[PDB]
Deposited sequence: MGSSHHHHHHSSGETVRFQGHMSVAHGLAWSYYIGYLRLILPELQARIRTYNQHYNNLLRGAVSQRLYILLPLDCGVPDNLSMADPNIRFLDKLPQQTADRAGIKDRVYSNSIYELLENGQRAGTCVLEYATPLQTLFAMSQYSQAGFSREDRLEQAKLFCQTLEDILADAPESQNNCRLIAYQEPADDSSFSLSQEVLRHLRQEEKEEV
């Protein structure tokens, strides 16, 4: 399956490389009490906007974490950057975390729109479900995941309330 490959791609070329160095990057930034995990937004509708504040105005960009750099596949100093968001609830800052959407969900979205990609617009939801299921299975038994990462899967609503529910569990 394409979803299965994308979930494996997402772990191999991203999660596996950034999750081990994430603690040191948040500690560096702290030294506005940002949480220690990467919160990954997984909309099952594959609706992935580039600006989180457009999805919910109660999610507001605060700052970027110090950039991660690595030589990768002929690219000298490839950059991995993560953004810090503050979550508002009735005019109050209720949480602060490293938040982003899972980017492969934009591939599933674009593949369902292009005729030569071979999967209908109808198939988007089950591909998104298989992607979340594969990613949860990978992170269940992955070493780089040590209470380091949280997946927020959802079907449409308040996005900031959805994130806060997961944040309040810790």
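Missing from the model, by position in the deposited sequence, are residues 1-22, 54-60, 186-191, 206-210.
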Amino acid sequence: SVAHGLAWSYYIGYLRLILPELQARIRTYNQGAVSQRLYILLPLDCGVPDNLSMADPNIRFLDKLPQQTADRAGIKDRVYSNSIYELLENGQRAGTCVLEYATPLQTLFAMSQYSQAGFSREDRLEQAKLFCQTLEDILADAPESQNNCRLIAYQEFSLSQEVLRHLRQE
From here on, numbers count along this sequence of modelled residues.
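Two stretches are in play, 19-27 and 6-14, and the higher mean C-alpha B-factor belongs to 19-27. Remark: stretch with higher mean C-alpha B factor among 130-138 and 51-59 is 51-59. As recorded in the PDB entry, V34 shows the highest C-alpha B-factor of the residues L42, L38, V34, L108. For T103, the recorded CA B-factor ranks within the lowest third of the chain. Only modelled residues enter the ranking. Ranked within its chain, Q116 lands in the middle third, by CA B factor from the PDB record.
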